[PDB]
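[1] From the sequence below, what's the structure:
(chains A, B and C)
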Amino acid sequence: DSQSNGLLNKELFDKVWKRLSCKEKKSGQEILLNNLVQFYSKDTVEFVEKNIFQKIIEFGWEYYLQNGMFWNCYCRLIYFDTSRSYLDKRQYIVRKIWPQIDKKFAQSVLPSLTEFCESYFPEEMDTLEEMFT
Amino acid sequence: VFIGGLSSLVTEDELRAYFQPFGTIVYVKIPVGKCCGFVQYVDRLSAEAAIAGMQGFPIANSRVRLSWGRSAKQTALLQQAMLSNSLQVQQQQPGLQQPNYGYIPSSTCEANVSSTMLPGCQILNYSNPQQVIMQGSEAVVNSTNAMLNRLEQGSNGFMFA
Amino acid sequence: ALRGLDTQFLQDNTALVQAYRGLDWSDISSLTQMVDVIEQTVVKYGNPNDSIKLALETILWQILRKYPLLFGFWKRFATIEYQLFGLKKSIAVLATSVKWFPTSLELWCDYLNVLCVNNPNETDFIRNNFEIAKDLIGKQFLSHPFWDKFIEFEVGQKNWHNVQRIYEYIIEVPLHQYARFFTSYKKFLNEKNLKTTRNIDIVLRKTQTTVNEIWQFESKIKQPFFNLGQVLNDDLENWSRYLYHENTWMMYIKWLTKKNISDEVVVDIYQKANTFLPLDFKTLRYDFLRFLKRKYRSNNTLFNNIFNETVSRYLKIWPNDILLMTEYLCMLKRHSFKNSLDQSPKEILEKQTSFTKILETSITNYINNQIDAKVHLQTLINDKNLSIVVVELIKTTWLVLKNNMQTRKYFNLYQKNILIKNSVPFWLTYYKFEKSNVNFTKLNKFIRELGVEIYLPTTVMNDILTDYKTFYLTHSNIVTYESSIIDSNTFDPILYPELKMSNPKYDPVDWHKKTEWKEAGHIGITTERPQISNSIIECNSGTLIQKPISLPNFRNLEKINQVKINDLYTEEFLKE
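    Residues are numbered from 1 along each chain as shown, chains lettered A, B, ... in the order given. Okay, here it is:
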């Protein structure tokens, strides 16, 4: 759909990943994630999910995992996909994403994640509260 | 700044959100029911940018008339002098104590600094309420960071202002 | 709310009933309705409540004395004066007497007995049970008085071992251990009790409050947590409350949450603080709202009803607050319309569409002014809080039902309505909707209209322009950009957001009758300036030499000493 690939270009995406990889020495991490989220299409969402969200998952960088804004941006990436249906995205967020975060990190992640939940999933707001207490 | 013609549906935080970007604000208050409010900036420059910027802008469907006004205690003194009709004398609002070198007027900060104090940079600023904090390079991050917060959170309804 | 003038009015009403020397039933009803309005307007501390109780008791008003003492003991927690007065009233009664007086005895035992100034209550209860032939009941209340930290525990203990000639120390070790424990407790307590009595005196200052003293004494009651504090800190905090302060209630609720006592106690203290605290505090009361949200998961039925009563009271007293409606709608869709992922998707979709229907009929009934008192939402909804109900409808249609045409239809419909046209969450949702589609035509038309037709806070307009610049640069190209430019408006999506960043009434498209000229150096103060009409200071001297210079024409010489000032602050505010 002529969706111009902004930060998903091999010249620019390498700069963005090279700044994301420094994790606390650099300054502007959440702004950079929060602009990488904004693609809203199935092909674009899949690339952004695989390259910065799955990869910072599997590297286990503790800065990003304890940070609430990382998980909030990932949920907001998936939820605003124009491709996925409602049951699909609610299924994905509650069933796939939210188990992955550690329970030691709950005191750091639950302020932001609640703020997602009450904004969009009031029905599942028990589940979240049950998962982390 | 005396803002007059307020719509009685507008709160103090909603009016702070209007008059925030013109400068750092010492205090914002709205008299109960009196259909007018006051905004006290730190600088004269900021206040004149406010009166030029928001003059007749409709804050909640009513056009707004901006002018110079006095404070709260000074207003109480003028009303008690207006009953007794005795003198009605005002006194002058305090000045900063010139010269100040760090301060660049009409400049705002939102939230370990090793500043070299070279001139283009902004060595000093007033903390938002009140204290004096040194601006850094990092603050242009923080404002942007907070900006995305009220684009998201205030969209859903968690701050109307 | 001239409460001293009300006290004089009540005093003159009582004095005119007393100086008419009859019943004065017109004046009695005037004084009684005055005391009713005074209690419903002000705190009713123990002196006026006791005076109204004395006047009513002399007017043979036994049941009405029982009720006004009930709302009076509601509006003095340390009222062992009113308890003792109530106990005397309780002592003389009919058939339900020996229960109802003893019910009030155990009530004052629950409400006042743990303070050092409670000894007349236990003495009166001992006198009542000693008037009865229940020596076991008097000895049981005596076993209660030995275990409590009071002032005169020693006199009570000696009177206990002297009054009980028949059964003094049948359990000696327990009685002496309780007496020595209460004596150590009174020894530790007498430090801060004496620090209180060496500061407490009405001298019109913080010493009248004993505020530092009462705060340090209560902080001493915070740390020594031997759970008698669960009775005693109330015996502290009520003694702190008699002479309302919000930080006291927050400390009290915080410590009761730390001890993990049963939630009905914490709800009771919350309802007491919700009644007694004056308006516009907003800080304990939002904390009670967030308390209900946390404790909801345990009970799921009782807390929803408390929450709805509370939010209704709040939207009546704080109608311009917007956050109450969002909290109401989230608790509404979390309780009343419960999904989960277990169920079949045909069942999950139905709850969402029913939520859409109650939202849309609620707004459609409010716009046409037809309030269905059956639906509680339409009772709550408001011309401040309407747009956020609309935003929940938009957000549910676009994101859950995934129905774009009905969403776009709703934006076109409710864009025009006066109540919600200048609304922040409506237009930030419009911005996220048109941002999720990529399209730039609606977004460029939006950031053009943010000054002229759309009136938002300057902070919100600054945010929309900065984020749309970052979005436009990252997501569009030079072809789309150079097509977006037409020079009849001089709109361009990269530079125009920068130029109009803080100027809300920016548009790009004889200059001495303008008010920018007339108050140029001095803002607010407008003066016509003398000026030369034909002025040659633009002309260079090489061209001025060519032909002879005309004489000057002038303008406004007469007005150099008249300056005029549009004093809105004196007229509209002081003169009102």
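[2] now could you export just the CA positions of the lengthiest helix in chain B as PDB?
    Ranked by residue count, the top helix of chain B under DSSP state H comes out as helix B:139-156. Listed next in PDB are the C-alpha coordinates belonging to helix B:139-156 (Å, rounded to 0.1, in the frame of the first residue of the first chain):
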ATOM      1  CA  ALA B 139      16.000  18.300  29.300                       C
ATOM      2  CA  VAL B 140      15.100  18.400  25.600                       C
ATOM      3  CA  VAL B 141      14.600  14.700  26.000                       C
ATOM      4  CA  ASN B 142      12.400  14.900  29.000                       C
ATOM      5  CA  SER B 143       9.900  17.400  27.600                       C
ATOM      6  CA  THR B 144       9.600  15.300  24.500                       C
ATOM      7  CA  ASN B 145       9.200  12.300  26.700                       C
ATOM      8  CA  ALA B 146       6.500  13.900  28.700                       C
ATOM      9  CA  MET B 147       4.900  15.100  25.500                       C
ATOM     10  CA  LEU B 148       4.200  11.700  24.300                       C
ATOM     11  CA  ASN B 149       2.600  10.900  27.600                       C
ATOM     12  CA  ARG B 150       0.000  13.500  27.300                       C
ATOM     13  CA  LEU B 151      -0.600  12.700  23.700                       C
ATOM     14  CA  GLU B 152      -1.400   9.100  24.700                       C
ATOM     15  CA  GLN B 153      -2.900   9.300  28.200                       C
ATOM     16  CA  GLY B 154      -4.800  12.500  27.800                       C
ATOM     17  CA  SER B 155      -6.300  11.100  24.600                       C
ATOM     18  CA  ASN B 156      -8.100   8.400  26.600                       C
END
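[3] tell me which strands and helices it is in contact with?
    helix A:29-36, helix A:106-120, helix C:424-436, helix C:458-475 (3 or more Cβ pairs under 8 Å, 6 or more residues apart in numbering or on different chains; DSSP states H and E). Any C-beta I mention is one placed from the backbone N, CA and C, and that applies to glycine too.
[4] among those helices, which is the most enclosed?
    Of all the helices and strands packed on helix B:139-156, helix C:424-436 has the most neighbours on average by mean count of other Cβ atoms under 10 Å in any protein chain shown, namely a mean of 22.
[5] Backbone torsions only: list them for the residue minimising distance to the centre of chain B.
    Within chain B, the residue whose C-alpha comes closest to the C-alpha centroid is residue B:25; the distance, by Cα atoms, centre = their mean, is 2.6 Å. Per-residue torsions, residue B:25: phi -110, psi 120 (degrees, to the nearest 10).
[6] do residue C:71 as well
    Dihedral angles for residue C:71 - degrees, to the nearest 10 - are phi -70, psi -20.
[7] in what helix or strand does the nearest residue to it once chain neighbours are set aside lie?
    Distances taken as Cβ to Cβ, 6 or more residues apart in numbering or on different chains put residue C:39 closest to residue C:71, at 7.1 Å, once the chain neighbours are dropped. Assigned by DSSP states H and E, residue C:39 falls within helix C:25-41.
[8] Residues in contact with that helix: which ones?
    Under the criterion Cβ atoms under 8 Å, 6 or more residues apart in numbering or on different chains, residues C:1, C:3, C:6-7, C:9-10, C:13-14, C:16-17, C:20, C:44, C:48-49, C:52, C:55-56, C:59, C:71-72, C:75 lie in contact with helix C:25-41.
[9] Restricted to helices, list those.
    Using DSSP H, these in helices are C:3, C:6-7, C:9-10, C:13-14, C:16-17, C:48-49, C:52, C:55-56, C:71-72.
[10] Can you list the residue ranges for strands in chain C?
    Using DSSP state E, the strands found in chain C span residues C:525-526, C:564-565.
[11] residues contacting whichever residue of chain A sits closest to chain B?
    Nearest residue of chain A to chain B, counting by Cβ to the nearest Cβ: residue A:119, 4.3 Å away. Shown in contact with residue A:119 (Cβ under 8 Å, 6+ apart): B:153, B:156, B:158.
[12] let's see it at 7 Å
    residue B:156 (Cβ atoms under 7 Å, 6 or more residues apart in numbering or on different chains).
[13] still on that earlier bit, can I get the strands of chain C in JSON lines with mean neighbour count and distance to chain B?
    Shown next, in JSON lines, are the strands of chain C (neighbours: other Cβ atoms under 10 Å in any protein chain shown; distance: least, Cβ to the nearest Cβ, whole Å):
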{"stretch": "strand C:525-526", "mean neighbour count": "14", "distance to chain B": "9"}
{"stretch": "strand C:564-565", "mean neighbour count": "12", "distance to chain B": "9"}
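[14] Of the ones you listed, which is nearest residue C:112?
    Minimum separation from residue C:112 across the strands of chain C (Cβ to Cβ) falls at strand C:564-565, 63.8 Å.
[15] Which residues does that closest one contact?
    By Cβ under 7 Å, 6+ apart, strand C:564-565 touches C:524, C:525, C:526.
[16] Kindly report the same for stretch B:142-157.
    By Cβ under 7 Å, 6+ apart, stretch B:142-157 touches A:30-31, A:34, A:115, A:119, B:110-111, B:159, C:322, C:326, C:388, C:391, C:424-425, C:428-429, C:432, C:463, C:466-467.
[17] so how many other residues sit close to residue C:208?
    Here the number of neighbours of residue C:208 (other Cβ atoms under 10 Å in any protein chain shown) works out to 13.
[18] quick one: residue B:27 is in a helix?
    No. The secondary structure assignment for residue B:27 gives strand rather than a helix, going by DSSP: H, G, I helix; E, B strand; the rest coil.
[19] Chain neighbours aside, what residue packs nearest to it?
    Per Cβ to Cβ, 6+ apart, closest to residue B:27 is residue B:40, 4.9 Å.
[20] What strands line up against whichever strand or helix holds the one you found, and which way round?
    Assessed by DSSP H and E, residue B:40 sits inside strand B:36-41. In the sheet, strand B:36-41 lines up against strand B:2-4 (antiparallel), strand B:25-29 (antiparallel) (DSSP bridges).
[21] center of chain A, which residue is that?
    residue A:74 (1.4 Å).
[22] residues touching that residue, list them.
    Residue A:74 touches A:53, A:97, counting by Cβ under 7 Å, 6+ apart.
[23] So which residues of chain A form helices?
    Using DSSP H, helices in chain A cover A:10-20, A:29-36, A:42-48, A:54-59, A:62-66, A:68-79, A:86-91, A:98-100, A:106-120, A:125-132.
[24] brain fart, chain B
    Counting by DSSP H, the helices of chain B are B:12-19, B:44-53, B:73-84, B:139-156.
[25] Let's have these in TSV, adding mean neighbour count.
    What follows is those, written out as TSV (neighbours: other Cβ atoms under 10 Å in any protein chain shown):
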stretch	mean neighbour count
helix B:12-19	21
helix B:44-53	18
helix B:73-84	12
helix B:139-156	17
